[PDB]
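Let me begin by presenting the structure, written as structure tokens, before commenting on it.
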Amino acid sequence: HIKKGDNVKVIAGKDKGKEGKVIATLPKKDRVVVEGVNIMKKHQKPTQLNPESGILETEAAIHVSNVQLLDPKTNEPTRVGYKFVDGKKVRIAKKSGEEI
Amino acid sequence: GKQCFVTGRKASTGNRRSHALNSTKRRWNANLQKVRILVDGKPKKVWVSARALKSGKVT
Amino acid sequence: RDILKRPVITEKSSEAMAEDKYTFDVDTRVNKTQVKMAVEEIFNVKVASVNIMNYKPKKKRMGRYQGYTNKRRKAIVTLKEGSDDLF
Amino acid sequence: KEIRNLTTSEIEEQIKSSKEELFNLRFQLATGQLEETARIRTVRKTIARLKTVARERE
RNA sequence: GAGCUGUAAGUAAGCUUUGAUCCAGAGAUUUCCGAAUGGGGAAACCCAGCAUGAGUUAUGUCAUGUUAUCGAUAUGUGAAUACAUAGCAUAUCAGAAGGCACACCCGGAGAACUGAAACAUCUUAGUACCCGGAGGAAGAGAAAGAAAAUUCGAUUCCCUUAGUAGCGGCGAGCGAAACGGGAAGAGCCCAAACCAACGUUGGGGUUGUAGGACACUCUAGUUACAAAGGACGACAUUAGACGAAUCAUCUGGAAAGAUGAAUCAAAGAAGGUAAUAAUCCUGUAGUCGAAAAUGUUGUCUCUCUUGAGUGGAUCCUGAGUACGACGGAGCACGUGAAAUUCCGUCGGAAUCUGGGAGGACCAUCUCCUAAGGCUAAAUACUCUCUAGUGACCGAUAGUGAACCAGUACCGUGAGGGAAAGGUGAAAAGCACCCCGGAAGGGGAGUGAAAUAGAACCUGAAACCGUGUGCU
RNA sequence: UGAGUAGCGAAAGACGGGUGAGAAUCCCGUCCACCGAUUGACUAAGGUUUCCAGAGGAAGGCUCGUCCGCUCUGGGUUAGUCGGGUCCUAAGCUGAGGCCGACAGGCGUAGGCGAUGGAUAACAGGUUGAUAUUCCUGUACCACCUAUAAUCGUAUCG
């Protein structure tokens, strides 16, 4: 379950392949925001005095079913698990016992 | 309605058939009578049926 | 105690009332004797008289859903001494 | 939570909160002197938190 | 276990790894109206009496509790009637009321249109509406029974008998039971004689293979009926947690498709993801989980508590009752040759050699003991709650209602009653330039697509136009 | 379709100057005409924000509209004496106890309620974009309360 702050890799979409870091999250709607992917060029500030000096381009939310969590050793996307080795739960990798 | 103090004698209901067997609801009341009976507390005017009144009653 | 809710700062409550005539907006189930006591305990003044009037709810937003605003109760205190009821 | 004090102190606190931080912070939201408007909810909740504790003692 | 202040965008101002928001159990608070109950009233309002308390020199003004009617039970108890039988005065009690599931279930009162090809008997129908009383079920229930064999053994429900026996302007039509095969399986307490005591109380005693009192001798708990109040261990609901296995390349705006290689399966149900996925995400098979509350059911406690044969010398075994006469209702049964059950009215029995029944009635023979009461399971239904299914609907359909609908509105009132879904994968919802007072356009941009521009998918016919080849 | 057809709901307007993208219709001025036991001034029922100021011109207005009883954003009603309640009752409604009745309920005694009537203390001026016997200025008058009083005290209130 992708949390804000970690490194991911796109699995599907126009930017298949690229890798970034998660800067936001819409958990009620399952949307993460990845730096670099899904750039939308927008017409902003019809009247509002910024002043309008062009076009502000930002990211766009993507569905959390399109990113995967890379393995800290082989540089490979994978799934996750919960070993429960600490009194608190712990997230571990799948293609290896190492952690995230 | 009126009802007998000692026993619940009450009005019934039925037909009043004619010789050509036509029907019409009527009522059959009870023979109640105002009498004063000697209830331990007081003698108070109550209704008692004229059949209850036979075979003795404190009047 | 605190029966008052909020002062009223509008035209006709700004100058010709400015002098010894302060408008307050109070609770809808109090009499005028109670306001003559709450104003003296909160501000430490001497009150000459109090008048009161009630307003009826209005129709609010014609567009979309329709509805009524609240009913309010407007009081007016006159000071025989002192000043500074609102700043 | 701010109700760690003894019984008399608790009785004073409620008057202190409601007679200063609620009445005064609403003669400014009306005339237009108040900013940092989130102070109102905090005062309102504190009084609720106080009474709830007083009552439990009964 | 990392974001958050709902729908609902904005805008500020802030809380949070020192455990927010969120989900479950237990508490606290809970203005006013309403059975509404201090008195009144055009519900959501007005006016008060007593008891303390806050407050000013003082009254006016606030706060908190309390004060309806009927019923019971103590109390004082002071009409006429001298003692005294009303009435009155004060106290006590999670005492009663009022809603709601227009579904099912007992009882009281009770139609008509219709059918007979008219109609009066009859039928529809003991149906609808109205009223009262309950319960989660209700009613029924432990033989004064059913029968005709060498007998059965309390009620209810379903099959079958049987559209049979009957009934009837013997017309239209109505319409059984026993037996037999099965579901389920509980049977027991009072009155009376008699024994003491001061009309009442405790013991005794409960019935057809005749029982008991009387007389001599002597010998298990079923708190759902039966007498009933409490502590008492593990299952189950009320939030959750782990949970197997995939890569590459074409055509695309986008792969889950096509083409090649592999892999899990007590898991190939299903829904989503930029197009059609067992292996991307929530899940499923299977295992694990409870502070606190509530339900079911167990082993100890507990509390109750004596069981059987012989003797009729003798007294007991439900009275204005059973039954009869007249008038009605109900039994499948329209008064008939009408037994068996109930109501109104007036007459009125016997006591074990007694009394009732076996379709008028009388003798013989069989069966059974009325006039007191209780009682679980098999059965009926759904306002609801959790989990699911369908050769059921897909916006004129399906609930009146997928769209803030019992509403907009229509009526003095009871009452009636609509219409209205879809941009895109993602708002990326058209910066700037020009004509115009604006609305609306023409470019330029966003996007895979603007003839997808919020009067947003597709966009038929009626109908309204513009141009044109033959006439 | 009928079809650019019937109708546009009794009545006298003319001109000048402004405003404006736009004027027979909006604002100001002069003249003319109409009502005047009323088309004038007050109030009851009823309606329920229609009242006022600055903005607006898609819809509504039987035409147009720069305007409005229409749309948006802010305003407006003040009581010891006025009208009702803390006073009194007609007629009617209700009704503890009580009488009658298959249920449901019907009647009604005391005593409540209830005006359209009976009682009961104020007037003239000033002012605002919108309130005035209500706000301010001047002069009153009524019930209640504590203080002190000439005079008391078998007076005194019932």
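Readers should treat all values here as calculations from the given coordinates under stated rules, not as data from a laboratory. In this analysis, Cβ positions are derived from the backbone assuming ideal geometry, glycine residues included, and neighbour counts consider all displayed protein chains.
Here is how the numbers come out for the structure above:
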read-out: Between helix D:7-16 and chain D: long-axis angle, C-alpha atoms, 0 to 90°, nearest 10; value: 10 degrees
read-out: Selection of trypsin sites (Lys or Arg not before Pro), segment A:59-99, meeting DSSP coil and at most 16 other Cβ within 10 Å; value: A:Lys73, A:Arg79, A:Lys83, A:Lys88, A:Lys89, A:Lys94, A:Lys95
read-out: Nearest 10 degrees, 0 to 90: helix C:32-43 Cα axis against chain C principal axis; value: 60 degrees
read-out: Cβ-Cβ FRET estimate between A:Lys3 and A:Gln44, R0 fixed at 30 Å, reported to 0.05; value: 0.50
read-out: Cβ charges +1 (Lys, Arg) and -1 (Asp, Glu), total dipole of the protein assembly as shown, debye; value: 4420 debye
read-out: Calculated FRET efficiency for the pair A:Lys21/C:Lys60, C-beta based, R₀ 51 Å, to 0.05; value: 0.55
read-out: Above-threshold pairs, the threshold being 26 Å between Cα atoms, out of C:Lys36/C:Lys59; A:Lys4/A:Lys41; A:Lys88/D:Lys45; A:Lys4/A:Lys73; A:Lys3/A:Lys95; value: C:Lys36/C:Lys59; A:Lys88/D:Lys45
read-out: The protein assembly as shown, helix-only ellipticity at 222 nm - DSSP H runs n ≥ 4, -39,500 (n - 2.57), divided by all residues, nearest 500; value: -4500 deg cm²/dmol
read-out: Which listed pairs, of B:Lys2/B:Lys25; A:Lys29/D:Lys1; B:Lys2/B:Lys54, have C-alpha distances above 24 Å, in listed order; value: A:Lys29/D:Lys1
read-out: Computed Kirkwood radius, in angstrom, where 1/r is averaged over Cα pairs of the protein assembly as shown; value: 31.0 Å
read-out: Size of electric dipole in chain C: Cβ of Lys, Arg +1 and of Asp, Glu -1, about Cα centre, debye, nearest 20; value: 1020 debye
read-out: Over 28 Å (Cα to Cα) - which of C:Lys12/C:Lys60; B:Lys10/B:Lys42; C:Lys46/C:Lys74; C:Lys60/D:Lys19 fall in this group; value: C:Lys60/D:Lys19
read-out: Pairwise FRET efficiency - D:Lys51 versus A:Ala61, Cβ, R0 = 41 Å, nearest 0.05; value: 0.40
read-out: Filtered chymotrypsin sites (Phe, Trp or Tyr not before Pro), segment C:41-80: DSSP coil and at most 16 other beta carbons within 10 Å; value: C:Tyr55, C:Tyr65
